[PDB]
Amino acid sequence: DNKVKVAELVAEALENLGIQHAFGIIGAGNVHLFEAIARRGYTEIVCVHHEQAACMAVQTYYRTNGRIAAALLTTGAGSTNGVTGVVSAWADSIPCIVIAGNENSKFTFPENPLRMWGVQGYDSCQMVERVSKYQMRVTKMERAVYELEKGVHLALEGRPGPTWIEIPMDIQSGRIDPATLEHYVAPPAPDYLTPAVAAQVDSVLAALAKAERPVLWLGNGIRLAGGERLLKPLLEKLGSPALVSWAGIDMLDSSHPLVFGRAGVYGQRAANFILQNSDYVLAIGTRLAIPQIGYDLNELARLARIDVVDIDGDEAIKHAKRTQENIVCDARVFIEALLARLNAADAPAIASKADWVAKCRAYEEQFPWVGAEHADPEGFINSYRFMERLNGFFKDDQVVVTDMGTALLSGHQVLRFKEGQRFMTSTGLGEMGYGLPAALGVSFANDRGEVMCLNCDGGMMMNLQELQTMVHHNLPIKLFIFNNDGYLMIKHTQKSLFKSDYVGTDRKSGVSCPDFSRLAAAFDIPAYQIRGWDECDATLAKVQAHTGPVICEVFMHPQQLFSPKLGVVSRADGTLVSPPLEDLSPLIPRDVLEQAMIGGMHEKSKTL
Amino acid sequence: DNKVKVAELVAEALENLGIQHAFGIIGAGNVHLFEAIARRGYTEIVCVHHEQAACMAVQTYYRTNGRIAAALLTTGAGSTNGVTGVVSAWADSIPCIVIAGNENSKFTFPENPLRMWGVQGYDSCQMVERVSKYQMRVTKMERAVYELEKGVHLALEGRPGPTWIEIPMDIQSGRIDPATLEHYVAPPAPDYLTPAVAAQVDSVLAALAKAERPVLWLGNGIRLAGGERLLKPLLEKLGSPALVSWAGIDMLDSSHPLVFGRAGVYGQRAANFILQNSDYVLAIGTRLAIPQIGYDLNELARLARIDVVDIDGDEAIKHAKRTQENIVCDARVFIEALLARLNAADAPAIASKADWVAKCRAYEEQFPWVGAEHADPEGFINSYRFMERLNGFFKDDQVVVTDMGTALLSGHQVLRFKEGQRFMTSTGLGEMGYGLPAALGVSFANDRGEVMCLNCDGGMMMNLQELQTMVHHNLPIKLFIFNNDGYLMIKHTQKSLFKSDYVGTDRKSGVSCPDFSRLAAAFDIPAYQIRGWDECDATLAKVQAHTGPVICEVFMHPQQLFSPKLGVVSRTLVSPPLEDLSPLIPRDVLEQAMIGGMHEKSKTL
Ligand SMILES: Cc1cc2nc3c(=O)[nH]c(=O)nc-3n(C[C@H](O)[C@H](O)[C@H](O)COP(=O)(O)OP(=O)(O)OC[C@H]3O[C@@H](n4cnc5c(N)ncnc54)[C@H](O)[C@@H]3O)c2cc1C
Ligand SMILES: Cc1cc2nc3c(=O)[nH]c(=O)nc-3n(C[C@H](O)[C@H](O)[C@H](O)COP(=O)(O)OP(=O)(O)OC[C@H]3O[C@@H](n4cnc5c(N)ncnc54)[C@H](O)[C@@H]3O)c2cc1C
Ligand SMILES: Cc1ncc(C[n+]2csc(CCOP(=O)(O)OP(=O)(O)O)c2C)c(N)n1
Ligand SMILES: Cc1ncc(C[n+]2csc(CCOP(=O)(O)OP(=O)(O)O)c2C)c(N)n1
Ligand SMILES: [Mg+2]
Ligand SMILES: [Mg+2]
């Protein structure tokens, strides 16, 4: 009998693929895979308490060191519970693979006329068909490893994303001659630098050489491409200012002399002025999503040509009514091509941008990231000022992950990073409850390594159960929780729209959160509270010194503003106006704005 | 200006549809609907802490008093987080409506070439297309109320189930003259009693009149059809024993003289013998799912003709290789038609079933529900004996909901219900974490009424956050938690297959659970523990007397058997026939219990 269980061959393939961690929850639909993986001993299975946390954890796991991880899901609700995590990986271009069990394959076909398959199964592939790069149900034992290899390759290639491989129970427990196993051979990798694209790189260099006020806009596509180490020499060779997307913040020292922050609808004031007064914008590896560019392309960088580099052709041309060069190219290949052209025998002389760099520094001097608008409201800790203080306690290898709300906004508008530190969240889908699973993924990727998790009283509830995973494995997760009596982001939304009482956003209107320090004690997690500045520095130093898990609640004003922010504003008449991207709220005086805008202010700004 | 916000017309429509509760979480995608509903003051919005809980709570809400509820979801993860609840409602035929927000309608169409819609939207209708009865994206303001009326009708029509109506943000906030609203008019209900179906009813009645050992197998389709009050008159007019499906347990007093329990793979020994020794089985409103009939139709009730009544034609014929009459008909219509023929002046003569009824009582005498197999092991309370004791503390209008695991299995194999009491769980999908949201739904359906929630250390974790919802609204939910060091059901699965060390199922193999009494205190919930019999009755009384939420941890053996159970037995391996439940009885006892004598498979075990 020269046959081997398919499950054992799948466990071998995971080792051959370099997959050292799987996150998931057991059930009859994957018990044979749990068994095979556990007995081989190469892949560590991390048991989570909700499958959603497994499909989120794999994402930050990959982002930490570039090793893919698997989510191991069972039949029925084991699979439906993972869908939110699949969508966030899809939205943020993060590679991962889901291996989902199912009922016996005699039930698993879409022509089955019954509402459900077998005892409790369904078509888990169809459900993620539009939010994943590839789905396949293995119905032949001999193709089980083929489809895993293909799923991993397709997750990683091009614009990365999640893939979904479903293996019915009976396929897992079947036995075959290992010699009959089929294997997937990846097609040849594409050559992006075609003559057409090469000519676009020449055009970009000519524009950079002539531009007086260039701005590079650098995004996480660069890191996904493996090109972040090229950015420092690129920027210094060009003498050009750069902005970083929120997802790209950790690619370049925030204090590098040519890096000027983050622009958008929650932009920094100085960054938005730099963007909006440029004469040439080169976006590389950034999606130019709505929160980065606002709501009207004709109001974006009105004095500028805009070029865009993206490996996804649909993303590269979505702004084609506005952009000039839409460059469909891997970001690393593009930067290397541009650097080579800078050293060409016939390279153009690069005109000085010294006057513009000086103007960029003047904007930052005029508009600090933490300014008068971030005063402690009624004496409460202002979250923006808290982020600035926290920033100074970062370790040299600090990793920071965030949930949504205050953690997302104050974090990305304030925090500074240097080489060796990392910053991660889920901005594509923007789901509450990401922060804790995100911390799990980082910690396991770094062999139980330290992670700072910036979280919120609302978002803490969605995946609250993962506190048990964190304690079970004694993970050194430093979990800050911003308490502000509920859903502060939505309080502002409904107040702006209706100017009435809160609905469904605070304790009086239907939403309350527990005392997380009392919950911490129940889970055996040390806990601290920062209610004022008195205890802040000493508490932060203690939190950072902890070697295991720790919770720190931070108390802020329940109505604190998030600003700067591009918000709707009333004209003197009373008409509502959505102002141009440079005119962030709370609004600066019109005479200051006039002087900050090369051509004077936009017509919309004149009457606000 | 005679125009009105679409969101305000939606809030009016909800009132006109009788929807008094919505469960959900706010976001930009549904902020206009939250505002309109709250300002109107008819529909109470219950804010949950995970959208999955909202889509589960609406199910038990409906099942309590028959009023549909809505789930109110926002863009993006607001919608994806609901899908598990949608599938459970689909699998268990429970009507509910999801109202989901989305991005501006200029982004929301499948031909959009980008991975995501607008800021963070996706095609929420496509994602539930195979696990819901109807999905529609409202792209015209004048159709928003039409699609809600249509969605409620299609949820309740025929075989009930969830519907999914997506309303983009800009549609909610638009303004239209109310007289431009279109309205949905439901077609006339179908008439199931064609001549062909009437002839089928006459065939059933003729088989019942002649059968010496009939068994009616009654399922939740009867309650969904509104026919449960016809069952006592039917049973007594026929003199026939009945079994109830797990979902149908609460439709008839468990101690009614003609009700003999629940058969299946986790059957009661007596119920399985009654089923397996009948000469005629009439299934009404029960799916005859795999956990009910086992793994081989040729081994099911081998001496019996089997007829099936189901409103879903695919369900009615799925066993057609084995059944005789497959009747596509509403369960109430069918029962009314059968009673009309029974009460007719020309009604046929019903042969006596008195001997069979006596044989059913003897089966129950020889094989009690809680038996010697359920002894307390190694100093731990046995969960089956605990359920029997807990049963004695039920209130007169008790409602019980369960999670999976011990709560599901010990509960459905032991607990008895009287008229007025209710029993609910999710059996079609069988998802862990259903218990707490299920309890939320019942409590709000009964104006913050009392509910007993039988739960588990593993299942508690999936929707642990709803403990905050319970305390916020001070819901009198009585939450029992069976502590058994992790995933006991899977411990048995993997031990049966591999006979080695546990993997991913207990503290040492990767899965641990918190101290729920310490967690209770952190949430300001009073907490008790039951470890032995001495404190049991006093603690159960205290739990039942509390006016607000309570937690009661019950400690059981971490490897306690679940039984009786149709298990695989090593002779080579054999899956025995449904009557031959494990732990196995002696072959001579089985021989005597089987009117035919035992099956070939059983003789060698
Ligand atoms: C409420 C809210 C407010 C926000 N405000 C802001 C704000 O003010 N400013 C801001 O900058 N962000 C903001 N964000 C985040 C922003 O909208 C995006 O979600 C994202 O963070 C932008 O970063 P990115 O383009 O680097 O990442 P992504 O959106 O993930 O884009 C990465 C891009 O890289 C491409 N790519 C992938 N692999 C490669 C490769 N190998 N080569 C080349 N290209 C590749 C992908 O196709 C994709 O288009 C906000 C988010 C939210 C939820
Ligand atoms: C591990 C496990 C073990 C189980 N063990 C058992 C067991 O031993 N015994 C047992 O009985 N159950 C058992 N169950 C549950 C069982 O498999 C089913 O899930 C269900 O509980 C059976 O009840 P039902 O047929 O009444 O409900 P459903 O499965 O919901 O079936 C209801 C049926 O009614 C039909 N219907 C709906 N509306 C109408 C109407 N108006 N008129 C007519 N028909 C209508 C529907 O089409 C459907 O077919 C188990 C479940 C699990 C997860
Ligand atoms: C799963 C999910 N449900 C709903 C939303 C909509 N939403 C966006 S922000 C927000 C409130 C965030 O509250 P909290 O985490 O407490 O943060 P805060 O703004 O108060 O700092 C909600 C409900 C979401 N993003 N994800
Ligand atoms: C969401 C989900 N994930 C996984 C499963 C698979 N599953 C079925 S039973 C079980 C263990 C249940 O453990 P617990 O709730 O502690 O109950 P016990 O059997 O120990 O009483 C699991 C993981 C499931 N049904 N639902
Ligand atoms: Mg909050
Ligand atoms: Mg358990």
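Per the PDB record, the structure was determined using X-ray crystallography to 1.90 Å resolution.

Attention shifts here to the overall build of chain A. For chain A, the count of helices and strands is 26 helices and 21 strands. Taking 2.2 N^0.38 as the reference for a compact globule, 608 residues should give roughly 25 Å; the C-alpha atoms of chain A span a radius of gyration of 25 Å, in line with that estimate. Projected onto its principal axes, the C-alpha positions of chain A cover 85 × 65 × 50 Å. Per-residue burial for chain A yields a buried fraction of 65% across its 608 residues. Here the contacts in chain A between residues at least 6 apart in sequence split such that 75% fall between residues at least 24 apart. Surface summary for chain A: the accessible area is close to 21000 Å², and the carbon and sulfur share equals 51%. Side-chain charges in chain A split into 56 positive and 70 negative, and the spacing between the mean points of these groups amounts to 2 Å.

Attention shifts here to the site of ligand 4. The local shell around ligand 4 holds 21 residues, among which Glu51(A), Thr406(B), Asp457(B), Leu488(B) and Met489(B) are the closest. Chains contributing residues to the immediate surroundings of ligand 4 are chains A and B. One of the side-chain N or O atoms of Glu51(A) is found 2.6 Å from a nitrogen atom in ligand 4. Protein chains shield 96% of the accessible area of ligand 4, which is 590 Å² for the free molecule.

What follows deals with the pattern of salt bridges. All names here are of chain A. Following the criterion strictly, the structure yields 56 salt bridges over all chains and no others. Among the ionic pairs, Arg-305 bridges to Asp-307, the shortest N-O distance being 2.8 Å. Residue class for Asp-307 comes out buried when judged on its relative accessible area of 0%.

Quick look at the sheet that holds strand 14 (residues 399-402) of chain A now. All names here are of chain A. The strand order 15-14-16-17-19-18 describes an open sheet built from six strands, whose pairing is parallel. Each end of this open sheet is capped by a strand with a single partner; those strands are strand 15 (422-424) and strand 18 (527-530). Strand-to-strand, the axes of this sheet are offset by a mean angle of 20°, without reference to chain direction. Inspection of the sheet shows strand 16 (residues 451-456) paired to strand 17 (residues 477-483) by six bridges, in the parallel sense. Each bridged residue has a counterpart across the sheet, and for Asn-455 the counterpart in strand 17 is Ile-481. Strands strand 14, strand 15, strand 16 and strand 17 of the sheet are contacted by helix 18 (residues 405-414), whose axis makes an angle of about 120° with strand 16. Contacting strand 14, strand 15, strand 16 and strand 17, helix 19 (residues 435-445) runs over the sheet at an angle of about 175° to strand 16.

A few words on the coordination of the magnesium ion (ligand 5). All names here are of chain A. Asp-457 (OD), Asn-484 (OD1) and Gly-486 (O) make up the full set of protein donors to the magnesium ion (ligand 5), lying at 2.0 to 2.2 Å. Written as a sequence motif, the donor arrangement for the magnesium ion (ligand 5) is D-x26-N-x1-G. With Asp-457 in the loop between strand 16 and helix 20 (459-462) and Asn-484 in the loop between strand 17 and helix 22 (488-498), this pair connects stretches of sequence that are 27 residues apart. Taken individually, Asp-457 and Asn-484 each receive the classification buried, so the pair is uniform in this respect.

All names here are of chain A. One way to put it is that helix 11 (residues 231-238) packs onto helix 15 (residues 331-342) with a least axis distance of 11 Å and a crossing angle of 40°. Taken as a pair, helix 11 and helix 15 cross one another with a handedness that is left-handed. Judged by residue contacts, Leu-231, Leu-234, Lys-237 and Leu-238 of helix 11 engage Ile-335, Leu-338, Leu-339 and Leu-342 from helix 15. Here the residues of the contact of helix 11 with helix 15 sort into seven nonpolar, no polar and one charged.

Turning next to the site of ligand 1. Residue and element names in this part refer to chain A. Around ligand 1, the structure places 32 residues, and the nearest of them are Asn-220, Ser-245, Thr-286, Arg-287 and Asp-310. For ligand 1, an oxygen atom lies 2.8 Å from a polar atom in the backbone of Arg-287. Contact with the protein chains hides 96% of the accessible area of ligand 1, taken as 990 Å² for the molecule alone. Sorting the residues of the shell around ligand 1 by element identifies helix 10 (221-225) and helix 13 (290-293) as the ones contributing at least two each. The class makeup of the residues in the shell around ligand 1 is 14 nonpolar, eleven polar and seven charged.

Here the focus is the interface of chain B and chain A. Where the parts come together, the accessible area they lose is often given as the size of the interface. Facing 82 residues of chain B, the contacting portion of chain A comprises 81 residues. Roughly 7100 Å² of surface becomes buried between chain B and chain A when both sides are summed, with 61% attributable to carbon and sulfur atoms. The interface formed by chain B and chain A holds two salt bridges in total. Our count for the contact surface shared by chain B and chain A stands at 28 residue pairs in polar contact. Of the residues that constitute the side of chain B that touches chain A, the class distribution is 40 nonpolar, 27 polar and 15 charged.

For the structure shown, the criterion picks out 18 aromatic pairs over all chains. Seen from their ring centres, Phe386(A) and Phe482(A) are 5.7 Å apart, and the 85° between their planes marks the pair as edge-to-face. Taken as a pair, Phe386(A) in helix 17 (residues 383-391) and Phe482(A) in strand 17 lie far apart in primary sequence, 96 residues in all. Overall, the relative accessible area of 0% leaves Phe386(A) in the buried class. Ring geometry for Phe386(B) and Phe482(B): centres 5.7 Å apart, planes at 85°, overall edge-to-face.

Residues and elements named next belong to chain A. When the domains of chain A are assigned, the result is domain 1 (4-180), domain 2 (195-366), domain 3 (373-555) and domain 4 (569-606). Here the C-alpha centre of domain 3 lies 31 Å away from the C-alpha centre of domain 1. Contacts between domain 1 and domain 3 engage 23 residues on the former and 26 residues on the latter. Interface of domain 1 and domain 3: buried area, both sides summed, is about 2000 Å²; carbon and sulfur atoms make up 57% of it. The interface formed by domain 1 and domain 3 holds one salt bridge in total. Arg-448 serves as the salt-bridge partner of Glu-44, at 2.5 Å between the closest nitrogen and oxygen. Taken together, the connections running from domain 1 to domain 3 amount to 14 residue pairs in polar contact. Breaking the side of domain 1 that touches domain 3 down by element, the ones donating at least two residues are strand 2 (21-24), strand 3 (44-47), helix 3 (51-65) and helix 5 (83-92). With ten residues, helix 3 is the largest single contributor of residues to the side of domain 1 that touches domain 3. Of the residues contributing to the side of domain 1 that touches domain 3, the split by class is ten nonpolar, ten polar and three charged.

Residue and element names in this part refer to chain B. Within the secondary structure, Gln-413 is located in helix 18 (residues 405-414). A residue is classified by how much of its surface remains accessible, and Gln-413, at 3% relative accessible area, is buried. The residues contacting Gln-413, other than those within four sequence positions of it, are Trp-246, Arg-262, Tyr-266, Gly-267, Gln-268, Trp-369, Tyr-384, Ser-563 and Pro-564.

What follows is about the sheet that holds strand 7 (residues 162-168) of chain A. Residue and element names in this part refer to chain A. The parallel open sheet is built from six strands, whose spatial order is 3-2-4-5-7-6. Two strands lie at the open edges of the sheet, namely strand 3 and strand 6 (134-137), each paired on one side alone. Taking the axes of each pair of neighbouring strands and ignoring which way they run, one obtains an average angle of 20° across the sheet. Sheet strands touched by helix 5: strand 5 (96-102) and strand 7. Its angle to strand 7, the strand with the most contacts, is close to 145°. Most of the contacts of helix 7 (residues 144-156) go to strand 7, to which it runs at about 165°, and overall it touches strand 5, strand 6 and strand 7.

On to the domain arrangement of chain B. Residues and elements named next belong to chain B. According to the domain assignment, chain B contains domain 1 (4-180), domain 2 (195-366), domain 3 (372-555) and domain 4 (569-604). Distance between the C-alpha centres of domain 2 and domain 3: 31 Å. If you look at the interface, domain 2 gives 15 residues, while domain 3 gives 17 residues. Across the domain 2/domain 3 interface, buried area totals approximately 1400 Å², and carbon plus sulfur atoms make up 46% of it. Together, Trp-246, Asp-250 and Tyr-266 form the three largest contributors to the area buried by domain 2 at its contact with domain 3, with a combined 41%. Linking domain 2 with domain 3 are two salt bridges. Across the salt bridge formed by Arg-422 and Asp-250, the nearest N and O atoms sit 2.8 Å from each other. One can count ten residue pairs in polar contact joining domain 2 with domain 3. Here the residues of the side of domain 2 that touches domain 3 are counted per class, giving four nonpolar, four polar and seven charged.

Parameters and conventions
- Residues numbered from 1 in each chain as written, not as in the entry; some residues may be left out.
- Chains lettered and ligands numbered in written order.
- Heavy atoms only, no water.
- Helix = DSSP H or I, 4+ residues; strand = E, 2+ residues; numbered from the N terminus.
- Rg over C-alpha atoms; globule rule 2.2 N^0.38 Å.
- Buried < 20%, exposed > 50% of the residue type's maximum accessible area, 1.4 Å probe, protein only.
- Contact = heavy atoms within 4.5 Å.
- Areas by Shrake-Rupley, 256 points an atom, 1.4 Å probe, with all protein chains shown as cover.
- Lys, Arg positive; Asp, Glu negative; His and termini not counted.
- Charge placed at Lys NZ, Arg CZ, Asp CG, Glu CD.
- Near = heavy atom within 4 Å.
- Polar contact = N/O pair within 3.5 Å; in protein donor to acceptor, adjacent residues only side chain to side chain.
- Salt bridge = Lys/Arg side-chain N within 4 Å of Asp/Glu carboxyl O.
- Pairing = 2+ DSSP bridges.
- Axes fitted to C-alpha atoms, helices over the stretch in contact; angles between N-to-C directions.
- Donors = N, O, S within 2.8 Å, 3.2 Å for Na, K, Ca; no water.
- Left-handed = near helix turned anticlockwise from the far one by under 90°.
- Nonpolar A, V, L, I, M, F, W, Y, C, P; charged D, E, K, R; others polar.
- Buried area = accessible area lost by both parts, 1.4 Å probe.
- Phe/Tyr/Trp six-rings, centres within 6.5 Å; stacked < 30°, edge-to-face > 60°.
- Domains from an automatic or database assignment.

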